[PDB]
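Colleague: kindly generate the corresponding structure for this input.
(chains A, B and C)
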Amino acid sequence: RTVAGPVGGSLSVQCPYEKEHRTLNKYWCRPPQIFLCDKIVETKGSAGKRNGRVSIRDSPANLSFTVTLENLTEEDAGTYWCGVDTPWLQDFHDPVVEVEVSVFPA
Amino acid sequence: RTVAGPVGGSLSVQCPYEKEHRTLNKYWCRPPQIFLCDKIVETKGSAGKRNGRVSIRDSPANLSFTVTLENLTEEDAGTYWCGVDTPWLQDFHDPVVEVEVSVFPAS
Amino acid sequence: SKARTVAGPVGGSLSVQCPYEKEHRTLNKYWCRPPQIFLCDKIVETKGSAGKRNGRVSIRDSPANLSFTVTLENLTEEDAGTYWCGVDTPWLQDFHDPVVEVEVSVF
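Modeller: Numbering: from 1, shown residues only, chains lettered A, B, ... in the order given. Next comes the structure:
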């Protein structure tokens, strides 16, 4: 998926998932070179739900979660994964929506 | 996931998988390293279902398979992979569930 | 594991429900205060030497519904506290993460 916002602006991405995933850890990360991606925020694991300009909120009742990036900078752009964390060692084998972030001039 | 048992005792470990994997070879292997992980037991592969004190049994109805260790020894402890042998290209290799096996004193 | 609080009145028959997943279906299901060291003292269990019924405690597995139930009769203040809705391999004493960590509160 592709999403775009202006520098200084904000963006949110909604990522859907299936009913059995309601209670699983939900996360946001860049695609890794190792099995585990470096989770920027997550709903249940140790990254925390908020880290600086990035936050994550799960809405099981709608079968989706939303990642929000505040005060965008050019560095925020790029490929990300929004994932639901399943038993697999590698996050690649989770249900993942790939999200491509663009950041344009304000 | 960690499963543990006493020296001389037994344990079994469950390894979940996806519906797509029901018909695939399942395995149990040590070291957790791609290519170097040697399959101790497999459900279809030539390692066989039982290799000494270890066996494997698949239950596609519960989307998991179970590895059993008997007569545990200290050397049985370590990190293992429960693996699904997927016959297609994967950028991060076969899907695996990582299991820490621990052995505690025999009571 | 998952966390559940189960509350009921003193002298009541308290019904603790412990859901689980498909991988746990065939496992022994148990009730116990969490382990002092490695393993807990199984109060009741569905597939073990402990028995499904002992004193005011009894257990019933409902694998079709991916849940088991522990019933506490004649609930007292001393019953409050932390417990494991535990799982292990039938007829043996191995360590698995419990499926539910239960807090019993008595009012």
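Colleague: CA only for contacts and neighbour counts going forward, please
Modeller: Fine.
Colleague: residue A:17 contacts residue A:63, doesn't it?
Modeller: Yes - proximity of residue A:17 to residue A:63 meets the contact threshold set by C-alpha atoms under 8 Å, at 5.5 Å.
Colleague: so between these two, which is more surrounded?
Modeller: residue A:17 (18 against 15; other C-alpha atoms under 10 Å in any protein chain shown).
Colleague: for the more buried one, give me phi and psi.
Modeller: phi -150, psi 170 (degrees, to the nearest 10).
Colleague: now residue A:73
Modeller: According to degrees, to the nearest 10, residue A:73 has phi -130, psi 160.
Colleague: return the residues in contact with it.
Modeller: Residue A:73 makes contacts with A:7, A:8, A:103, as judged by C-alpha atoms under 8 Å, 6 or more residues apart in numbering or on different chains.
Colleague: isn't the first one up against residue A:102?
Modeller: To tie it back to what came earlier, the one meant is residue A:7. No - using C-alpha under 8 Å as the test, residue A:7 is too far from residue A:102 to be in contact (9.9 Å).
Colleague: now the helix or strand hosting residue A:57: buried residues?
Modeller: Taking DSSP states H and E as the definition, residue A:57 sits inside strand A:54-59. For strand A:54-59, burial by neighbour count (16 or more other C-alpha atoms under 10 Å in any protein chain shown) applies to A:54, A:55, A:56, A:57, A:58.
Colleague: ok, and the closest non-adjacent residue to the residue nearest the centre of chain A?
Modeller: Taking C-alpha atoms, centre = their mean, the centroid of chain A lies closest to residue A:28, which sits 2.6 Å from it. Spatial nearest neighbour of residue A:28, excluding adjacent residues (C-alpha to C-alpha, 6 or more residues apart in numbering or on different chains): residue A:82 at 4.6 Å.
Colleague: ok, the one you found touching residue A:101?
Modeller: No - counting by C-alpha under 8 Å, residue A:82 stays clear of residue A:101, with 11.9 Å between them.
Colleague: so between those two, which is more surrounded?
Modeller: For residue A:82 versus residue A:101, neighbours defined as other C-alpha under 10 Å are more numerous around residue A:82 (27 against 18).
Colleague: what residues does the more buried one make contact with?
Modeller: Counting by C-alpha under 8 Å, 6+ apart, residue A:82 makes contact with A:15, A:26, A:27, A:28, A:29, A:96, A:97, A:98, A:99.
Colleague: three-state assignment of the residue in chain A positioned nearest to chain B?
Modeller: Residue nearest to chain B within chain A: residue A:88 (4.8 Å; C-alpha to the nearest C-alpha). What DSSP: H, G, I helix; E, B strand; the rest coil gives for residue A:88 is coil.
Colleague: give me the neighbour count for it.
Modeller: 21.
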